[PDB]
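Asks: Please see the structure below; I have some questions.
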Amino acid sequence: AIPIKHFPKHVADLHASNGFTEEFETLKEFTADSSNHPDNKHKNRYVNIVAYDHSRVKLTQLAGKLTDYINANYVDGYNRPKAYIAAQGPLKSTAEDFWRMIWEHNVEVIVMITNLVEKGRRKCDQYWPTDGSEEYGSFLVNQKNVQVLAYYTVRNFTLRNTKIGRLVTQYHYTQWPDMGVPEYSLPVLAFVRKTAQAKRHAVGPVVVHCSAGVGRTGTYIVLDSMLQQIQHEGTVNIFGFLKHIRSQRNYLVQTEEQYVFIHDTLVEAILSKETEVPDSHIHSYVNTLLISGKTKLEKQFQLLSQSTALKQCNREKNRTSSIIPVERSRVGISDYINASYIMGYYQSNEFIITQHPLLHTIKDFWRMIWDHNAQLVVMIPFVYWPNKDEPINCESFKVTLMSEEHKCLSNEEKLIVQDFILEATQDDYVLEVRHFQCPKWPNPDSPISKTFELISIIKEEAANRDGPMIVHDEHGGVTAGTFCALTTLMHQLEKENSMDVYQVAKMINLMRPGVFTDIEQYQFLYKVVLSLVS
Amino acid sequence: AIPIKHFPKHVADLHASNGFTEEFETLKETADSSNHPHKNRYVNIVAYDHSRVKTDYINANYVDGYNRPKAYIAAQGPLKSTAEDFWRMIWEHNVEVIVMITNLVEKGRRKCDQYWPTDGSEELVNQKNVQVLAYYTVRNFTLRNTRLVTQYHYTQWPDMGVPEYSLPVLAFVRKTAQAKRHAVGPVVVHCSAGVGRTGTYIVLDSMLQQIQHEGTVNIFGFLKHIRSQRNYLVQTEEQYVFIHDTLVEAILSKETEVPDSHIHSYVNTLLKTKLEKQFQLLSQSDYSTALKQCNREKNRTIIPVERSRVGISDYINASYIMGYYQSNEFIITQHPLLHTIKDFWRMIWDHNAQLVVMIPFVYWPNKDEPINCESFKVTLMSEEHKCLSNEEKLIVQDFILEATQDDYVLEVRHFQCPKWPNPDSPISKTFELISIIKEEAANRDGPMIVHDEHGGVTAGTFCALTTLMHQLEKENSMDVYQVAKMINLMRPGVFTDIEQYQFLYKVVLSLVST
């Protein structure tokens, strides 16, 4: 066991010494009679994947043939035995059994780390209703509430044994990549923290699933449990803890990449602490950052600053080689443009940050809007847009100007609202864009309470609009980044009554490196956010 | 009006002289109700008052067919706000047929809102039956005012521009036109906006009927008229051009779908000859780009065209080939060269195919040594040997591809065929192979990979005859002409000789024993 003090270094030491592979190889070694019964062929997703008999979940027997089998195990959390139920992703054949499992084991929480379809593969069958209600054998699932957020989706169901309600809540980690591990550990983290908090009020065990029920599922169980170790004990033993649960279910944490990813994720958690602040504590927290060897502001700031370029012989389409997209987040026109996807509260790919068009790029910029079906553009400062004089002529569409208003804001600055249409030259489709030109923003001589007024205006507008928000300053840097931040923080406050500024900056900075390079801007975010909680 | 005699040449004359654009420009030259106080998809798109259908407003017009007035109801794609109104329209105008030439979503754009139930019922529309085929999808609904109605969903229409092939659109219209022939009310037709795509059907269906009854065809004439009943019908120049080419193909093809009853009467009539006349037509007004490059060192000789070219995550010599149930039913391709072996398996892995049919070098792993691709491992599970009715072998081997970086397992089955078709065994034993692989491919998902040496004739006849077997089984019909042409369009050089085109007819005929 390593202490939280030494785990960060200890992790870097395994990256340097290539000691993860040693450590993972050694883990590979390592009966399943029930799961190999001929009866139980069509209840297993894969033939090699199996539920060990000592740990397997048993359902009652009913009615010839057998009826008590499901591909799922009880697996022990951190000094909490038989905590999780590590289970495979239900098929249409096993949908009922899966709901019976829920009813028979008193389950209230379900943790889903997979999509139903992933690059054209059936990974998991939809075992619940999008519509009001659906009936799975004896079991009636009637969906109450749904929340869809950038990286996860919460669904509130109710359950009845039709042979006579109980509330059940599903936690859908949606954005997990189709092979490999999430390029960012920071959102997975928050998901587990979000589930871990709600799950702290559930009485039965927590069901966890992916497709197979091994890697992804296992990776949550390690990440959740170690989290709890860090809080209560101040220590962390992945290798220890993992070797144990691998007894209760096969191939938990299946790849080396997952093993490594757990480490890095937990490292980030140790150095971040919980950085989501409630309403009550904004004030108490915002002071504490500017009083270890140095301030939480410096300590957090350092962490924001943490790669493949396409910029060889198309490099004459960027303004500055200082603010330039990374392939992870790089925005793809049908080919190249300097623009990164930026995530927000509700959708990974909420915004796009990018540069102000260079004369040649003007045509690309508009194609970007057209491909991504964006209806908002926010500008924060050369005209790159058509008049009624002369519409812009892109090949597969025409850009044309419909309106132009001018709003006087509460310190008498202007908001140039113009509407547009892009009409297909080769189809019937019409895309209706709205365009904001902002003043100097944030105008730091007008007070900090009128920074938000802009953001509230553009918030409302982006509700009724679909597609992402294109936000450009000169270079796709700080001023655009603070926009996406503060919008995202406004939402996050409004809906959850919480603020995690640390996360909102870092994800931004991870997704477009060079947006936040100076602490005064990082602090500023805290500053602005505080004026909101009056 | 041009006669069908002179329409094919007349069309080529407008391609040569760039006279379609003249003809379309010239076509370019009131709506009080539609400009009232949320029921219009786009602001520029509008339903003219004299033609509009009738608290009382919906973006739809009556449009006249060929000497058949007020025949169609050319309408926009319903929004969730106008879904009801659209069903009331159906009830109030005695509609039994709906023709949908668009998807609900197209490269992430909402083009049309789903106005019907996937589940049993929604509000009263209760869905009875569904059939999903390569290029369209038939749905049978029933309707109550708190009647049977049939929807015809042309699914594969490309996201901007016109279908690269006119041959499947044709067949769709012919399929709808036949069922619609004993509907008494009007036929509702829609796309997203309700103008180009919708309009292009109405011209294509009606001219079809002109050709059958009158032996003439007047698009420009007929079009100029209906453009009075609704704005922008046939919206682009590409659509205008496409109608022509499509109809040209129809004139020269005639109906080539044969029922059970008439295989015998048709197969003789072919043999200047309809066989030569049809054959010529397989060898064909689009364009072609083959690559070539300094990755030309990954082909044996038969080379994919970009339309149909199969995309590994990136190049492989392989074309998508269409079948009865799915455009992209099959992939025809070459036998792997040693370097391509790794690609071949990646192809299977990307497209999630579970059947491979081989038809004559080992490119597959033993229990000795699984194949090691980066994002998966290929491994041998089974190997059976089936003795067919003239004692030849079918080498059935099963495989698994397991992800190296995930949990997924793909279960492939692999057939090595004998000499096929074995021409010393009778034609009656050709089909037995195909029937075997037919039932296997029912329970399997993903496309069928089919290779001979070069992805040529022998693989092409397989996809043909499988597709024809299905088509006979389910619809009791055979359209051999179409099945070869689509194949040949999608991978040029598969059918280069008439004896193999004929052969298809030959084989098919032996099947209709009783």
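Each protein sequence line maps, in turn, to chains A and B. What the first sequence shows, in the authors' numbering, is residues 1699 to 1728, 1742 to 1774, 1778 to 1878, 1889 to 2015, 2019 to 2033, 2042 to 2069, 2077 to 2123, 2133 to 2285, in sequence order. What the second sequence shows, in the authors' numbering, is residues 1699 to 1727, 1742 to 1749, 1753 to 1769, 1781 to 1849, 1854 to 1876, 1890 to 2014, 2021 to 2033, 2039 to 2055, 2058 to 2069, 2077 to 2123, 2133 to 2286, in sequence order. In this text, a Cβ means the ideal position worked out from N, Cα and C, and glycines have one as well.
#1: Please name the residue, chosen from B:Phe1871, B:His1765, B:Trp2136, B:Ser2161, that lies closest to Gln1972 (chain B) on a Cα-to-Cα basis.
#2: Going by DSSP, name the residue or residues bridged to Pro2142 (chain B).
#3: If distances are taken between C-alpha atoms only, which option among B:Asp2224, B:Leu2173, B:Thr1742, B:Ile1760 comes closest to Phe2187 (chain B)?
#4: Per DSSP, what kind of secondary structure is residue 2070 (chain A) in: helix, strand or coil?
#5: Could you tell me how far apart the beta carbons of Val2181 (chain B) and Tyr1975 (chain A) are, in whole angstroms, since I believe they sit closer than 8 angstroms?
#6: So, is the C-beta of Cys1934 (chain A) closer than 8 angstroms to a C-beta in chain B?
#7: Sorry if obvious, but does the Cβ on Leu1976 (chain B) come closer than 7 angstroms to a heavy atom of the ligand MG?
#8: If you measure beta-carbon to beta-carbon, which residues of the region 2168 to 2182 of chain A are closer than 7 angstroms to chain B?
#9: Between which two residues does the beta strand (DSSP E) containing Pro1795 (chain A) stretch?
#10: Could you tell me the boundaries of the beta strand (DSSP E) in which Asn2080 (chain A) lies?
#11: Which full runs of the alpha helix (DSSP H) of 4+ residues lie inside the region 2187 to 2231 of chain B, going along the chain?
#12: Considering Cα atoms alone, identify which of B:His2157, B:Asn1755, B:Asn1787 is closest to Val1932 (chain B).
#13: Please classify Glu2092 (chain A): does DSSP put it in a helix, a strand, or coil?
#14: When the Cα atoms are used, what is the spatial distance from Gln1978 (chain A) to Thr2043 (chain B)?
#15: Using a Cβ cut-off of 8 angstroms, pull out every chain A residue sitting near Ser2147 (chain B), in sequence order please.
#16: Span of the alpha helix (DSSP H) holding residue 2037 (chain B)?
#17: Given that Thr1979 (chain A) touches chain B, what residues does it touch there, using C-beta distances under 7 angstroms?
#18: Considering Cα atoms alone, identify which of B:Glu1810, B:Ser2282, B:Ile1969 is closest to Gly1942 (chain B).
#19: Measure from the alpha carbon of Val1905 (chain B) to the alpha carbon of each residue in B:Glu1981, B:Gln1955, B:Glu2204, then state which is nearest.
#20: What does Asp1845 (chain B) reach in chain A if we use C-beta pairs closer than 7 angstroms?
#21: Between the alpha carbons of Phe2171 (chain A) and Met2220 (chain B), how many angstroms are there, rounded?
#22: Starting from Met2258 (chain A), follow the alpha helix (DSSP H) in both directions and report where the run begins and ends.
#23: Less than 8 angstroms separating the beta-carbons of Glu2212 (chain B) and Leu2160 (chain B)?
#24: Around the C-beta of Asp2140 (chain A), are 16 or more other C-beta atoms found within 10 angstroms, so that it is buried, or is it exposed?
#25: Could you give the residue range of the beta strand (DSSP E) that holds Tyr1897 (chain B)?
#26: List the residues of chain B that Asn1759 (chain A) touches, going by C-beta distances under 9 angstroms, in chain order.
#27: Which value, in whole angstroms, describes the spacing of the CA atoms of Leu1873 (chain B) and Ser1996 (chain A)?
#28: When the Cα atoms are used, what is the spatial distance from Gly2228 (chain A) to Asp2113 (chain A)?
#29: Taking 8 angstroms as the CB-CB cut-off, is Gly1834 (chain A) touching chain B?
#30: For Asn1870 (chain B), which residues does DSSP report across the bridge?
#31: Can you look up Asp1790 (chain B) in the DSSP assignment and give me helix, strand or coil?
#32: Give a yes or no on whether the minimum CB-CB distance between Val1938 (chain A) and chain B is below 8 angstroms.
#33: With a threshold of 8 angstroms between beta carbons, is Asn2115 (chain B) in contact with chain A?
#34: DSSP has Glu2247 (chain B) in a bridge; who is on the other side?
#35: Which residues in the same chain as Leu1712 (chain A) place their Cβ atom closer than 6 angstroms to its Cβ, once the five residues preceding and following it in sequence are excluded?
Replies: Well, looking at it:
#1: Out of B:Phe1871, B:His1765, B:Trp2136, B:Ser2161, B:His1765 has the C-alpha closest to the C-alpha of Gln1972 (chain B).
#2: Note: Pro2142 (chain B) sits in no beta bridge, so no partner.
#3: For the set B:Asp2224, B:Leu2173, B:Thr1742, B:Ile1760, the Cα lying nearest the Cα of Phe2187 (chain B) is the one of B:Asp2224.
#4: A gap in chain A, from 2069 straight to 2077, means residue 2070 (chain A) has no coordinates in the model shown.
#5: Taking 8 angstroms as the upper bound for CB-CB distance, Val2181 (chain B) and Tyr1975 (chain A) are not in contact here, some 12 angstroms apart.
#6: Judged by the 8 angstroms Cβ criterion, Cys1934 (chain A) is in contact with chain B.
#7: Ligands in the displayed structure: none, and consequently the ligand MG is not present.
#8: Residues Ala2175, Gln2177, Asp2178, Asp2179, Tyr2180, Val2181.
#9: Segment 1794 to 1801, the beta strand (DSSP E) holding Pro1795 (chain A).
#10: Per DSSP, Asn2080 (chain A) belongs to the beta strand (DSSP E) from 2078 to 2084.
#11: Listed in chain order, they are 2202 to 2215.
#12: Taking each of B:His2157, B:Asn1755, B:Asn1787 in turn and checking the Cα distance to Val1932 (chain B), the smallest one comes out for B:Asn1787.
#13: For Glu2092 (chain A), the secondary structure class from DSSP, reduced to helix, strand or coil, is coil.
#14: Between the alpha carbons of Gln1978 (chain A) and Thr2043 (chain B) lies a distance of about 44 angstroms.
#15: Those are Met1903, listed as they occur along chain A.
#16: For residue 2037 (chain B), no position is available: the coordinates of chain B end at 2033 and pick up again at 2039.
#17: Going along chain B in sequence order, the residues near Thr1979 (chain A) (Cβ under 7 angstroms) are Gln2177.
#18: Comparing Cα positions, the closest option is B:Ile1969.
#19: Of the listed residues, the one whose Cα sits closest to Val1905 (chain B) is B:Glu1981.
#20: Going along chain A in sequence order, the residues near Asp1845 (chain B) (Cβ under 7 angstroms) are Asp1845.
#21: Distance between the alpha carbons of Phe2171 (chain A) and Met2220 (chain B) is about 46 angstroms.
#22: Under the DSSP assignment, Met2258 (chain A) falls in the alpha helix (DSSP H) whose first and last residues are 2252 to 2262.
#23: Not closer than 8 angstroms, so no.
#24: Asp2140 (chain A) should be labelled exposed.
#25: Looking at the DSSP string, the run of the beta strand (DSSP E) that includes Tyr1897 (chain B) is 1891 to 1897.
#26: The contact set of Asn1759 (chain A) on chain B, defined by CB atoms closer than 9 angstroms, consists of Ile2172, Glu2174, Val2181 in chain order.
#27: The straight-line gap from Cα to Cα measures roughly 60 angstroms.
#28: Rounded to whole angstroms, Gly2228 (chain A) to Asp2113 (chain A) spans 23 angstroms at the Cα level.
#29: For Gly1834 (chain A), a Cβ of chain B is located within less than 8 angstroms of the residue's own Cβ.
#30: According to DSSP, which records beta bridges pairwise, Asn1870 (chain B) is partnered with B:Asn1859, B:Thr1893.
#31: For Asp1790 (chain B), the three-state secondary structure derived from DSSP is strand.
#32: Answer yes: the Cβ-Cβ gap between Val1938 (chain A) and chain B drops below 8 angstroms somewhere.
#33: At least one chain A Cβ lies under 8 angstroms of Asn2115 (chain B).
#34: In the DSSP secondary-structure assignment, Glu2247 (chain B) is not bridged to any residue.
#35: Excluding sequence neighbours, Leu1712 (chain A) sits near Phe1718.
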